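> Encoded as structure tokens, here's the structure I'll be asking about.
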4 protein chains.
Amino acid sequence: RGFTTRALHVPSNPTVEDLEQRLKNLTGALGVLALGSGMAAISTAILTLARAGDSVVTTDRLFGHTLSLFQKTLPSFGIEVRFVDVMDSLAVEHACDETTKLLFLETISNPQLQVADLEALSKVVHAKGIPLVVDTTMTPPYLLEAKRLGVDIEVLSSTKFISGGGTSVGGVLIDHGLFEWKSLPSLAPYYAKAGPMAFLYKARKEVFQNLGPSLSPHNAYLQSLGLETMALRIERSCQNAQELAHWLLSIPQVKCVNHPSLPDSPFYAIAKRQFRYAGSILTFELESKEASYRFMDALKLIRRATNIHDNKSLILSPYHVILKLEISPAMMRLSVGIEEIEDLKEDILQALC
Amino acid sequence: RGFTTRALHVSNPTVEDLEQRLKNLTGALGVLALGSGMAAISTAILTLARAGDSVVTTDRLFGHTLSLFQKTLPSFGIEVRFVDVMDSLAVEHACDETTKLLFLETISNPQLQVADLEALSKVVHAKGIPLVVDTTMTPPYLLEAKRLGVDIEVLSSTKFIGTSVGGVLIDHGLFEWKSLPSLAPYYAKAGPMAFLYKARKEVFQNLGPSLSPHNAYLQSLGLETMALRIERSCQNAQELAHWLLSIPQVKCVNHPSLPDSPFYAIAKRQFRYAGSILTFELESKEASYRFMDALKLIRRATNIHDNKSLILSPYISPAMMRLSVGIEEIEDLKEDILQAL
Amino acid sequence: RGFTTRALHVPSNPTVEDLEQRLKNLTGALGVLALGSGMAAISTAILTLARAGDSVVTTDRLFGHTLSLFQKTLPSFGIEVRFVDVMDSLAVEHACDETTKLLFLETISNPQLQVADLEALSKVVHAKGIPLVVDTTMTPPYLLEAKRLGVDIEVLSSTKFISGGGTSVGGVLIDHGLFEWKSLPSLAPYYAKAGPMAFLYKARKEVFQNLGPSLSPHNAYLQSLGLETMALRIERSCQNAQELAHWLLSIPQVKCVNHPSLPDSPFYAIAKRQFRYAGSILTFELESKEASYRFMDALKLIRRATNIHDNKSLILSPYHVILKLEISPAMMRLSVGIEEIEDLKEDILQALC
Amino acid sequence: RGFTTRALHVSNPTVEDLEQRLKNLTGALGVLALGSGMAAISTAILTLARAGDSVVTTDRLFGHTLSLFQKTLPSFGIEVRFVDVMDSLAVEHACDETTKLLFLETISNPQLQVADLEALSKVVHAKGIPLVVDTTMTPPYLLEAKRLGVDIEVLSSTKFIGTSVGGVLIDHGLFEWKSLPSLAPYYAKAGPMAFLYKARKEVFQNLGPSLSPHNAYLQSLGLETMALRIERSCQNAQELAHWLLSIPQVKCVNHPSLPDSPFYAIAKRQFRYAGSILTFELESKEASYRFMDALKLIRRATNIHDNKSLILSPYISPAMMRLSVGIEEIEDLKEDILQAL
């Protein structure tokens with residue numbers, strides 16, 4: 001059964017529930033919780049497993065809100081945070097001990113597009129009886145079947161919808177039905193009540209209920225509507241990014257094109273094993289910081305902005321926004337949209353001259 | 001300036017507009033709109049309390065707010081002390097140097113107990129502890145919380161029926177936040193705005209209970225008619241509580257506006273009206289069930305503070321019903337109750 | 001049973017239907033049709049009764065869109081329009097002949113606040129077997145029970161809702177169950193199919209369906225929500241206007257205060273007979289056009305604008321906007337809102353000095 | 001520039017934005033968004049025709065569009081002449097000096113008859129009569145109507161399920177409007193914009209089929225994925241019509257993309273794809289009913305052009321079903337049809 005047909009034909013709060021049922025139908029999951037934002041999904045998954053006196057392990061590649069959750073909020077709830085290089089399975093193994101209640105990471109880092117080996121990391125952590133929680137925003141369900149790679153809990157930010165009145169956001173939390181929850185002292189009391197639903201039960205009836213990141217039915221409705229054309233939009237988006245990365249290799253003025261679909265990518269093999277397509281974000285450089293700025297000022301379709309995964313193609317210089325130390329001032333990050341490929345190539349050519 | 005006037009004449013422009021309206025209505029230092037009532041309560045608490053601290057609250061909580069204090073906060077290493085908030089001495093003895101706030105509601109549910117806010121603010125302020133109050137039962141038109149010493153006001157916003165929910169966090173500009181180790185580090189960056197700065201840029205941003213612009217628009221629309229709806233609703237509830245005293249099959253009417261109510265004086269000092277919820281009993285559980293089955297306007301349901309009048313049996317006496325009084329003309333409410341007897 | 005309780009407890013397109021049922025419950029009508037706008041209600045009522053070769057009679061007090069419908073659109077469908085002074089029952093009687101399929105007017109004219117005698121005019125037209133169609137926007141159902149005054153068809157513009165994205169509008173068409181439709185050759189074929197529902201049947205299944213002024217369920221939902229607080233808002237609004245008109249009489253700088261609730265009003269008796277309150281619009285003058293402008297520039301709550309029946313109090317000089325010949329350049333029209341009366345008095349005092 | 005690019009990169013700002021998108025997608029002189037498809041058709045007609053005029057349209061209308069031409073327009077003193085639009089001679093003989101437009105659809109329903117637009121535009125232009133076409137079956141991504149001589153394009157917008165509806169009126173910048181007595185008086189004020197000026201400031205303003213900003217926002221969102229959804233939908237329908245030819249229990253498949261279709265050549269000349277609706281029969285009415293009862297994905301319903309695939313029996317053969325093909329993966333559509341046989 002295809003993705004688009006599963007978004008369309010699913011086998012109190014009826015709009016939110018209907019969204020949750022779609023998402024479950026789309027992933028084959030044990031169950032799903034829709035929440036008010038991506039940060040709310042992340043923090044709900046963590047706070048379901050971790051409490052004062054525990055630790056958690058995560059990537060040292062976080063910034064902005066996700067970073068601040070781990071640097072400021074979690075230590076205020078008595079949770080020790082261990083930052084590690086998630087590219088290194090041995091550093092991950094050594095950071096984990098009996099206080100460690102989960103490993104959290106992202107499917108593709110931003111802006112470097114590093115791709116951790118999820119299955120390998122799932123095994124390192126499963127051997128110690130620790131669950132794996134992954135933010136799959138860069139590679140949502142049509143691109144990734146996280147259950148096959150050992151991912152216990154999948155979290156993501158939902159399709160955003162921008163209006164005059166502000167941006168409508170959401171989050172999604174997915175239990176893949178992999179981890180034996182009853183083996184954790186955190187969830188054993190909920191196993192008595194809910195059986196295999198122990199994680200989802202605490203997450204929903206306790207953590208979500210008490211911290212209250214409610215999802216509006218109006219947002220839920222828009223997100224369901226988005227799920228209908230997700231496969232179609234992602235196919236377009238991701239084929240455009242794959243073709244752009246390849247074509248960028250032919251442009252004299254362009255250097256250091258980075259996308260995991262390219263054969264010279266360090267993450268070429270792992271991406272091909274994990275993903276239908278390695279997401280719709282790529283990176284590249286011109287000769288200098290100043291050539292990159294002049295290029296960007298000259299684009300007529302692709303716009304400068306902060307968001308990613310818009311229908312519109314968007315670009316920015318991650319350096320100008322502030323480890324920064326490891327990124328080139330001449331690097332630009334391109335979030336590729338659903339425009340016809342010929343127009344995007346044409347805009348980029350034109351902005352070069 | 002009147003309340004209605006101030007609701008009407010004052011990134012995320014709809015949410016910000018809602019926040020400015022609420023700040024105008026309240027005269028507050030500042031205001032944060034959030035995805036729900038629970039988000040507002042938990043955001044206020046987690047701005048002040050962290051692992052190794054304690055908090056004091058009323059022993060009259062149930063449902064979600066109770067589960068936050070029984071399960072979620074002790075998991076964050078926060079010790080919760082439950083006390084009888086009717087007793088200012090027990091409140092005093094529960095607070096020590098670890099205690100980072102007192103939390104309570106303005107009118108308890110379903111008993112309608114009214115704590116003496118100004119008396120409790122003094123007990124807690126005398127130890128350098130802020131007062132955080134859920135004013136859902138008595139929102140801004142009914143209560144000026146800052147006059148009673150309330151540092152942080154929290155409430156559930158007007159719901160719109162899925163159901164669109166919200167919450168509101170209000171800093172009344174009372175507590176000197178730089179004197180607190182929890183906020184002194186923000187004081188450099190935000191001055192008097194240090195509570196709001198932490199709450200918005202750290203706790204809210206990281207736990208993510210985002211308020212939808214669509215909910216925010218509706219709640220703004222709602223604020224315009226708030227004074228008008230609360231007047232009607234609260235005069236109806238006052239009148240009905242009185243009138244109920246005259247009905248031979250009715251016993252034990254409870255509302256703080258009744259002279260014989262234990263909370264008569266405290267409610268009169270604190271509130272324009274003591275909320276739109278009242279309680280009463282018939283002869284017995286069975287007479288109460290028959291009465292409710294026979295109602296044609298007032299409907300049985302769980303929600304409170306709807307435009308529609310709603311009733312339920314909380315079982316506290318098994319014969320007790322709780323009536324959330326709505327904005328229907330008083331004559332039809334009286335008539336439906338009579339007919340159902 | 002009170003108005004507010006009838007808006008709350010009503011005894012395909014479920015949101016639109018629910019609105020229609022509320023409105024019927026609020027008016028005691030035979031039936032109701034909700035439409036995309038006020039102009040759509042007006043034109044639907046007219047085009048249900050009138051066709052090429054017929055005439056219609058209406059007030060000579062129309063302007064803007066309503067006027068343009070009668071001056072340009074209706075004559076293009078072969079309908080003769082006869083404009084008359086509706087203050088004059090004898091001019092009305094003489095304008096009507098066997099080709100005349102309805103009399104259309106408004107409950108209170110704008111900006112002059114003239115109040116035609118509806119019951120008298122209903123009798124003039126009923127005697128000739130002609131129905132009466134009335135726009136009751138100035139005096140909607142809580143203020144007026146149009147059936148008691150002989151009004152066959154009540155039409156109105158719905159409560160508007162302004163957002164970033166533009167204004168959401170609607171219209172309402174009400175059959176009061178008064179006229180015997182089967183006596184008209186226009187509606188007799190529909191009487192065969194629908195009985196007493198003949199008017200509503202043609203209006204809905206034909207005129208509305210074929211010209212297509214559809215009402216959005218999103219607008220319908222907002223309008224239903226508005227109906228809940230209509231009585232409360234109108235009571236406030238209308239008491240404010242009544243008290244303002246009275247109080248304005250005490251202000252040295254103020255002249256020619258016009259509102260039908262004032263005893264010296266020419267429409268004092270007819271308004272008291274017809275309305276709970278004579279609407280929330282009043283008019284007054286200062287000494288000169290220039291004193292009026294300086295007053296208006298100095299108001300701090302009451303704002304200059306074109307709309308009326310907002311929650312906010314709004315004012316304008318009808319002269320500056322362009323018969324104009326019969327209106328004073330120093331006259332201002334005040335649409336009174338729901339602000340506390342003390343603030344409105346205070347703003348007006350302040351803007352005078 | 002591609003279609004998707006143009007949907008994305010272009011008082012009442014949401015409606016105006018929708019209109020600018022549609023103008024970008026079409027290269028038109030201008031565009032009016034309206035409250036429905038019927039509002040768009042009636043607005044185009046009533047801009048051109050008045051009492052004492054005639055109009056010509058196809059004899060293949062039913063439901064609302066048919067009732068407008070049978071009941072509403074003759075009541076406005078407009079004579080309506082119904083003709084076989086497949087026959088350019090009958091079209092010519094129906095037009096005289098009173099005739100102010102020819103109206104038809106791009107693909108008739110349920111027969112799927114495809115009129116030769118460019119041939120009919122010539123017949124009608126040779127008499128100074130504009131061509132007004134409802135392109136609902138073949139919207140802008142599928143058809144560039146201006147190339148085929150179509151003066152005014154009208155269509156129902158993408159619906160969102162109550163149900164939010166819309167319509168669109170498009171002036172392709174082809175007809176010289178000053179040569180017409182109906183519009184010459186606007187030409188002074190509006191120049192080339194005289195059709196649009198009358199339609200918007202007079203007919204639309206006075207009959208009031210206002211488009212909600214909320215519907216308008218959704219339809220804008222919809223336009224962004226229009227090319228993608230129509231590709232999928234129309235390739236599915238092409239493929240299914242072919243594949244249906246191979247199924248022993250299927251007879252009489254109808255789709256203009258089939259070589260044996262009478263409209264094969266005309267559809268290929270006019271359309272990227274000939275719409276997403278096809279027709280077929282089983283052995284008998286009863287076999288057709290059993291088949292439809294047994295479908296698990298494709299649902300019986302009245303709507304067309306949904307994301308979901310929909311089917312019904314229009315009874316034209318009683319055994320005929322009409323399938324509105326949606327955007328499901330082709331394998332699952334094939335599989336549901338097989339399983340149901």
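Scheme for the structure tokens: letters A, B, ... for chains in order shown; per-chain residue numbers from 1; ligand numbers from 1 in order shown.
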I need the chain C residues near chain D as a PDB file with C-alpha atoms, in the first residue's frame; criterion: at most 8 Å, counting only C-alpha atoms.

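Resulting contents of iface.pdb:
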```pdb
ATOM      1  CA  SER C  12     -24.153  18.599   3.448  1.00  0.00           C
ATOM      2  CA  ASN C  13     -23.534  21.974   5.098  1.00  0.00           C
ATOM      3  CA  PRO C  14     -24.029  21.531   8.875  1.00  0.00           C
ATOM      4  CA  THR C  15     -22.436  24.826  10.012  1.00  0.00           C
ATOM      5  CA  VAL C  16     -24.595  26.919   7.570  1.00  0.00           C
ATOM      6  CA  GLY C  36     -22.564  35.120   1.068  1.00  0.00           C
ATOM      7  CA  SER C  37     -23.422  38.766   1.704  1.00  0.00           C
ATOM      8  CA  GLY C  38     -26.136  41.340   2.449  1.00  0.00           C
ATOM      9  CA  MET C  39     -26.290  42.327  -1.227  1.00  0.00           C
ATOM     10  CA  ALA C  40     -26.743  38.689  -2.036  1.00  0.00           C
ATOM     11  CA  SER C  43     -30.891  40.600  -4.708  1.00  0.00           C
ATOM     12  CA  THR C  44     -31.974  37.024  -3.974  1.00  0.00           C
ATOM     13  CA  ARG C  51     -38.528  39.136 -13.678  1.00  0.00           C
ATOM     14  CA  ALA C  52     -38.291  40.955 -17.014  1.00  0.00           C
ATOM     15  CA  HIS C  65     -24.160  49.225  -3.645  1.00  0.00           C
ATOM     16  CA  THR C  66     -27.866  48.960  -2.862  1.00  0.00           C
ATOM     17  CA  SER C  68     -26.364  50.564  -7.938  1.00  0.00           C
ATOM     18  CA  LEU C  69     -28.323  47.271  -7.822  1.00  0.00           C
ATOM     19  CA  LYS C  72     -27.931  49.408 -13.123  1.00  0.00           C
ATOM     20  CA  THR C  73     -28.444  45.706 -12.453  1.00  0.00           C
ATOM     21  CA  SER C  76     -30.557  45.089 -17.106  1.00  0.00           C
ATOM     22  CA  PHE C  77     -32.799  42.130 -16.186  1.00  0.00           C
ATOM     23  CA  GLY C  78     -35.836  43.892 -17.698  1.00  0.00           C
ATOM     24  CA  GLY C 165      -6.664  38.464   5.657  1.00  0.00           C
ATOM     25  CA  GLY C 166      -9.705  40.674   4.925  1.00  0.00           C
ATOM     26  CA  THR C 167     -13.346  41.048   6.152  1.00  0.00           C
ATOM     27  CA  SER C 168     -15.712  38.037   6.495  1.00  0.00           C
ATOM     28  CA  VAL C 169     -19.269  39.082   5.489  1.00  0.00           C
ATOM     29  CA  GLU C 206     -33.081  28.193  -7.910  1.00  0.00           C
ATOM     30  CA  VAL C 207     -32.016  31.824  -7.479  1.00  0.00           C
ATOM     31  CA  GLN C 209     -28.158  27.887  -6.477  1.00  0.00           C
ATOM     32  CA  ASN C 210     -27.825  29.394  -9.930  1.00  0.00           C
ATOM     33  CA  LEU C 211     -26.230  32.816  -9.087  1.00  0.00           C
ATOM     34  CA  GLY C 212     -24.141  31.044  -6.419  1.00  0.00           C
ATOM     35  CA  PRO C 213     -23.494  33.542  -3.542  1.00  0.00           C
ATOM     36  CA  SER C 214     -22.317  30.638  -1.288  1.00  0.00           C
ATOM     37  CA  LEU C 215     -21.748  31.247   2.436  1.00  0.00           C
ATOM     38  CA  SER C 216     -18.468  29.762   3.724  1.00  0.00           C
ATOM     39  CA  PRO C 217     -18.826  27.396   6.689  1.00  0.00           C
ATOM     40  CA  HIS C 218     -16.002  29.335   8.326  1.00  0.00           C
ATOM     41  CA  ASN C 219     -18.018  32.599   8.076  1.00  0.00           C
TER      42      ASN C 219
END
```
> Identify all residues of range 4-79 of chain C in helix (DSSP H, G or I) (DSSP on the backbone) and supply them as a PyMOL selection string.
chain C and resi 4-8+14-27+38-49+64-76
> Could you save the residues just selected, with C-alpha atoms, as a tab-separated table (two decimals), in the first residue's frame?

```
chain	number	residue	atom	x	y	z
C	4	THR	CA	-30.07	34.90	24.26
C	5	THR	CA	-31.44	31.54	25.26
C	6	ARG	CA	-32.92	31.11	21.70
C	7	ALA	CA	-29.52	31.85	20.10
C	8	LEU	CA	-28.04	29.08	22.29
C	14	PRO	CA	-24.03	21.53	8.87
C	15	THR	CA	-22.44	24.83	10.01
C	16	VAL	CA	-24.60	26.92	7.57
C	17	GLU	CA	-27.75	24.87	8.48
C	18	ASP	CA	-27.12	25.33	12.21
C	19	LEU	CA	-26.86	29.12	11.67
C	20	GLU	CA	-30.12	29.11	9.66
C	21	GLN	CA	-31.87	27.12	12.52
C	22	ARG	CA	-30.61	29.60	15.12
C	23	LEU	CA	-31.87	32.51	13.09
C	24	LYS	CA	-35.28	30.85	12.59
C	25	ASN	CA	-35.44	30.08	16.33
C	26	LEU	CA	-34.56	33.76	16.96
C	27	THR	CA	-37.29	35.11	14.67
C	38	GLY	CA	-26.14	41.34	2.45
C	39	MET	CA	-26.29	42.33	-1.23
C	40	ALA	CA	-26.74	38.69	-2.04
C	41	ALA	CA	-29.75	38.53	0.41
C	42	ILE	CA	-31.29	41.63	-1.07
C	43	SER	CA	-30.89	40.60	-4.71
C	44	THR	CA	-31.97	37.02	-3.97
C	45	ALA	CA	-35.24	38.23	-2.38
C	46	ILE	CA	-36.00	40.60	-5.30
C	47	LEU	CA	-35.11	38.10	-8.07
C	48	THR	CA	-37.30	35.47	-6.40
C	49	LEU	CA	-40.32	37.82	-7.03
C	64	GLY	CA	-23.66	52.95	-2.88
C	65	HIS	CA	-24.16	49.22	-3.64
C	66	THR	CA	-27.87	48.96	-2.86
C	67	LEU	CA	-28.48	51.99	-5.15
C	68	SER	CA	-26.36	50.56	-7.94
C	69	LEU	CA	-28.32	47.27	-7.82
C	70	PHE	CA	-31.54	49.24	-8.49
C	71	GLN	CA	-30.09	51.77	-10.99
C	72	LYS	CA	-27.93	49.41	-13.12
C	73	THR	CA	-28.44	45.71	-12.45
C	74	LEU	CA	-32.20	45.36	-12.13
C	75	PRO	CA	-33.04	47.44	-15.25
C	76	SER	CA	-30.56	45.09	-17.11
```
> Tell me, in Å to one decimal, how far CA of residue 139 in chain D is from CA of residue 303 in chain A.
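CA of residue 303 in chain A lies at a distance of 28.6 Å from CA of residue 139 in chain D.
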> Using the chain letters and numbers from this document, which residues of range 75-313 of chain B does DSSP assign to strand (DSSP E), as JSON, numbers by chain?
{"B": [79, 80, 81, 82, 83, 99, 100, 101, 102, 103, 104, 105, 131, 132, 133, 134, 152, 153, 154, 155, 156, 167, 168, 169, 170, 171, 251, 252, 253, 254, 277, 278, 279, 280, 281, 299, 300, 310, 311, 312]}
> Skip residue 179 in chain C itself and residues of its chain fewer than 4 positions away, then list as a list in words all residues within 10 Å of it, counting only C-alpha atoms.
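After dropping sequence-adjacent residues, the list is residues 126, 129, 130, 131, 132, 150, 151, 152, 153, 175, 183, 184, 196 and 199 of chain C.
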> Quick one: distance from CA of residue 157 in chain C to CA of residue 170 in chain C in Å, one decimal?
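Between these atoms lies a distance of 5.9 Å.
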> Give me the residues near residue 328 in chain B as a short mmCIF file (atom, residue, chain, number, x, y, z; two decimals) with N, CA, C and O atoms, in the first residue's frame, where near means some atom within 12 Å (using only C-alpha atoms) and where sequence neighbours in that chain fewer than 5 positions away do not count.

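Listing of part_15.cif after writing:
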```cif
data_model
loop_
_atom_site.label_atom_id
_atom_site.label_comp_id
_atom_site.auth_asym_id
_atom_site.auth_seq_id
_atom_site.Cartn_x
_atom_site.Cartn_y
_atom_site.Cartn_z
N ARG B 229 -20.44 39.20 29.06
CA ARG B 229 -20.86 37.85 29.27
C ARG B 229 -20.73 37.51 30.76
O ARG B 229 -21.56 36.81 31.31
N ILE B 230 -19.69 38.02 31.41
CA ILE B 230 -19.44 37.71 32.83
C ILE B 230 -20.46 38.42 33.73
O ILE B 230 -20.96 37.81 34.70
N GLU B 231 -20.80 39.66 33.41
CA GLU B 231 -21.88 40.36 34.12
C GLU B 231 -23.12 39.49 34.10
O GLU B 231 -23.68 39.26 35.13
N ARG B 232 -23.55 39.06 32.90
CA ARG B 232 -24.79 38.32 32.76
C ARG B 232 -24.71 37.01 33.54
O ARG B 232 -25.54 36.72 34.37
N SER B 233 -23.67 36.25 33.27
CA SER B 233 -23.40 34.98 33.88
C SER B 233 -23.35 35.07 35.44
O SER B 233 -24.02 34.28 36.15
N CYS B 234 -22.61 36.06 35.96
CA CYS B 234 -22.43 36.19 37.40
C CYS B 234 -23.64 36.80 38.10
O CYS B 234 -23.94 36.42 39.23
N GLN B 235 -24.39 37.68 37.42
CA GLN B 235 -25.67 38.13 38.02
C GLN B 235 -26.67 37.00 38.02
O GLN B 235 -27.46 36.87 38.97
N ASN B 236 -26.68 36.18 36.99
CA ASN B 236 -27.58 34.99 36.93
C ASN B 236 -27.29 34.07 38.11
O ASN B 236 -28.24 33.61 38.77
N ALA B 237 -26.00 33.76 38.33
CA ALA B 237 -25.57 32.86 39.41
C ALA B 237 -25.87 33.41 40.81
O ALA B 237 -26.25 32.66 41.69
N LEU B 297 -33.10 22.92 29.17
CA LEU B 297 -32.14 23.92 28.71
C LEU B 297 -30.75 23.62 29.23
O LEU B 297 -29.84 23.44 28.44
N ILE B 298 -30.60 23.60 30.55
CA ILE B 298 -29.38 23.21 31.24
C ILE B 298 -29.00 21.78 30.88
O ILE B 298 -29.81 20.86 31.03
N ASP B 306 -18.90 27.77 29.92
CA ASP B 306 -19.59 27.95 28.66
C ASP B 306 -20.71 29.03 28.69
O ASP B 306 -21.27 29.32 29.75
N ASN B 307 -21.06 29.58 27.52
CA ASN B 307 -22.25 30.40 27.35
C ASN B 307 -23.52 29.64 27.76
O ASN B 307 -24.45 30.23 28.31
N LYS B 308 -23.56 28.36 27.45
CA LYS B 308 -24.67 27.46 27.83
C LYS B 308 -24.52 27.06 29.33
O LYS B 308 -23.37 26.89 29.81
N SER B 309 -25.64 26.97 30.05
CA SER B 309 -25.61 26.57 31.44
C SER B 309 -25.43 25.05 31.53
O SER B 309 -26.11 24.31 30.81
N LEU B 310 -24.53 24.61 32.40
CA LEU B 310 -24.19 23.17 32.47
C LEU B 310 -24.19 22.67 33.91
O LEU B 310 -23.93 23.43 34.87
N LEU B 333 -33.95 30.06 32.85
CA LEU B 333 -33.14 29.15 33.67
C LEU B 333 -34.02 28.73 34.83
O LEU B 333 -34.10 27.51 35.10
N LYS B 334 -34.72 29.72 35.42
CA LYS B 334 -35.62 29.50 36.56
C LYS B 334 -36.71 28.54 36.16
O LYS B 334 -37.02 27.57 36.88
N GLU B 335 -37.22 28.76 34.96
CA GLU B 335 -38.32 28.00 34.41
C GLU B 335 -37.91 26.55 34.13
O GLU B 335 -38.65 25.65 34.41
N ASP B 336 -36.71 26.32 33.59
CA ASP B 336 -36.25 24.96 33.35
C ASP B 336 -36.04 24.20 34.66
O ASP B 336 -36.35 22.97 34.76
N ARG C 1 -39.68 33.00 26.15
CA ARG C 1 -38.26 32.55 25.98
C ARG C 1 -37.42 33.74 25.48
O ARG C 1 -37.78 34.41 24.51
N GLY C 2 -36.30 33.98 26.15
CA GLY C 2 -35.44 35.11 25.81
C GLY C 2 -34.60 34.92 24.56
O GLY C 2 -34.36 33.80 24.06
N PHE C 3 -34.18 36.04 24.01
CA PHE C 3 -33.37 36.04 22.80
C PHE C 3 -32.05 35.28 22.99
O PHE C 3 -31.61 34.46 22.11
N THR C 4 -31.38 35.52 24.12
CA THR C 4 -30.07 34.90 24.26
C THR C 4 -30.24 33.41 24.38
O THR C 4 -29.52 32.63 23.70
N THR C 5 -31.18 33.00 25.20
CA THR C 5 -31.44 31.54 25.26
C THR C 5 -31.89 30.91 23.91
O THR C 5 -31.51 29.75 23.64
N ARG C 6 -32.62 31.64 23.06
CA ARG C 6 -32.92 31.11 21.70
C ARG C 6 -31.72 31.06 20.74
O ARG C 6 -31.71 30.22 19.85
N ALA C 7 -30.72 31.93 20.90
CA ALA C 7 -29.52 31.85 20.10
C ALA C 7 -28.66 30.64 20.50
O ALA C 7 -27.81 30.21 19.73
N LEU C 8 -28.91 30.12 21.70
CA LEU C 8 -28.04 29.08 22.29
C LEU C 8 -28.63 27.69 22.20
O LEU C 8 -27.91 26.74 22.18
N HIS C 9 -29.94 27.60 22.24
CA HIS C 9 -30.64 26.33 22.33
C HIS C 9 -31.65 26.28 21.20
O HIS C 9 -32.80 26.76 21.34
N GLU C 228 -24.71 34.39 19.59
CA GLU C 228 -24.69 34.17 21.04
C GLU C 228 -24.64 35.41 21.93
O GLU C 228 -25.24 35.41 22.99
N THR C 229 -23.90 36.45 21.50
CA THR C 229 -23.74 37.64 22.27
C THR C 229 -24.40 38.84 21.59
O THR C 229 -24.29 39.98 22.11
N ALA C 231 -27.63 39.78 21.67
CA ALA C 231 -28.57 40.55 22.52
C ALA C 231 -27.78 41.41 23.48
O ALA C 231 -28.07 42.60 23.66
N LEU C 232 -26.77 40.81 24.09
CA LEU C 232 -25.93 41.49 25.06
C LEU C 232 -25.22 42.70 24.41
O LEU C 232 -25.16 43.79 25.02
#
```
> Go ahead and compute the interatomic distance for CA of residue 82 in chain B and CA of residue 117 in chain B, in Å to one decimal.
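It comes out at 16.9 Å.
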> Which one of A:163, A:302, A:314, A:11 sits closest to chain C if you count only C-alpha atoms?
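When distances to chain C are compared using only C-alpha atoms, the smallest one comes from A:163.
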> Excluding residue 292 in chain B and any residue of its chain fewer than 6 positions from it, enumerate the residues within 9 Å of it, using only C-alpha atoms, and give them as an MDAnalysis selection string.
chainID B and resid 298:300 311:312 321 337 340
> Extract, using only C-alpha atoms, all DNA, RNA and protein residues at most 12 Å from residue 267 in chain B, discarding same-chain residues fewer than 2 positions from it, and format them as a list in words.
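Once the adjacent positions are removed, what remains is residues 106, 107, 112, 113, 114, 115, 116, 117, 118, 138, 142, 143, 255, 256, 257, 258, 259, 261, 262, 263, 264, 265, 269, 270, 271, 272, 273, 274 and 275 of chain B.
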> Env of residue 83 in chain D: 8 Å cut, atoms = only C-alpha atoms, seq-sep filter 3 positions within chain, self excluded. Answer as a list in words.
residues 56, 57, 58, 59, 90, 91 and 94 of chain D
